[PDB]
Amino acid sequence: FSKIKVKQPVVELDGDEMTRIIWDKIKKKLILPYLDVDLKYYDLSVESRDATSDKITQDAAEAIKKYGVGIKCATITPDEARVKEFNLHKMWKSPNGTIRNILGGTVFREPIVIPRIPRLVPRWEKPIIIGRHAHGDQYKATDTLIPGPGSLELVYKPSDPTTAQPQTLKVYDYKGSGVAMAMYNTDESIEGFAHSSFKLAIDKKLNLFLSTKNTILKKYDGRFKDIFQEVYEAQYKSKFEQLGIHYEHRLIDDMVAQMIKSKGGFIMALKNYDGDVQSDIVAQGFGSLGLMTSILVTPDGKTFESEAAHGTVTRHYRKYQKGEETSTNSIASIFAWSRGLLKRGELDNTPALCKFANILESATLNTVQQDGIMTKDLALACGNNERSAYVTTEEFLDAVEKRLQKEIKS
């Protein structure tokens, strides 16, 4: 009978397939009925991006930068096949790469633990956080094929040939056809990455591990290991020793293994690509991709981009296309909204907003924890192949709706 007035505007980026269905239903029954928010809509569906020539993604990202908070829905990243499917103009770049490259920062990811649910990696009991660097490397590289024999070279030409000097490093000499590419990153980005990773370790009282491959990419990865170590000793080694938490660099090999056999409970900082890949493993490993939150934070600490860790769940969308029933977990999507709404509230000092968010969350999880109403993904975790063990994609969302309404009378 009353609505919470949200101060500043929230930027919303709509997506594709299964996740677009879930999204809408979420803001219809779970968000709009309770909030007086000014949503600045941006449709990032393939058809929208195509028609707009990906320009909209530029606009969306710059909207987020402006207003501070963004809630993004899963989106189809066009690969040859996709182009055929939607008869696209170009084979557009992942909008996630464009946004992330525009905003910068780290993408913090961690599973949503529902006690009632088992775990694929049983020994894991305490949440594992992934601090994926969002800025460069291969999500902003320059790949290209190489026709026939010739020389490959990476060339650098300074602006002021007085403080530095040119470089022409011979990369290879093809004797046949193949591929090549080059990527990059900056000291500025890595430093923010480090600052954001040390802060979260301190804020959550968890040990921090930076994983790299510095024994191979001696200079490249070495810059990561070194800046981290520099910043640490510079202004965290104090609060860390005082908190009982340690920072340590390890080789990615050792770390992913150390993790697979641990009880979870620590922060893993990784380069973009590793943050990307491993986050999925952690996700799937704690239960299902349906139970992992994701949020990009800028070094500022005043800009956010909330999203689910998974994709558009195409495989499930395909079933939905042919009148077949679906059991897609919407929990990450709900949290994508709640966590977005949370940062919105802290930024504007609107505790009414933050409270609602925790209620949204508390009700979403309890519908599983308490009432035992879960989708197929979580059902297979408990060990029940039986169809009568789970509910549909819409049935679940309705149960969350119902329990939310109850938990709002208190």
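Counting begins at 1, following the sequence as shown.
Comparing the deposited coordinates for 375-383 and 40-48, the stretch with the larger average C-alpha B-factor is 375-383. Across the two stretches, 119-127 and 331-339, the PDB entry reports the greater mean Cα temperature factor for 119-127. By the numbers in the PDB entry, the CA B factor is greatest at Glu233 among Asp221, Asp137, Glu233, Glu307.
When the C-alpha B factors of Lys225, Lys93, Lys302, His133 are read from the deposited coordinates, the top value falls at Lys302. In the deposited entry, the Cα temperature factor of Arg100 places it in the lowest third of its chain's modelled residues.
Among all modelled residues in its chain, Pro158 ranks in the highest third by Cα B-factor. For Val107, the recorded CA B-factor ranks within the middle third of the chain. Only modelled residues enter the ranking. In the deposited entry, the Cα temperature factor of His316 places it in the middle third of its chain's modelled residues. Among all modelled residues in this chain, the alpha-carbon of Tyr390 has a temperature factor (C-alpha) in the highest third.
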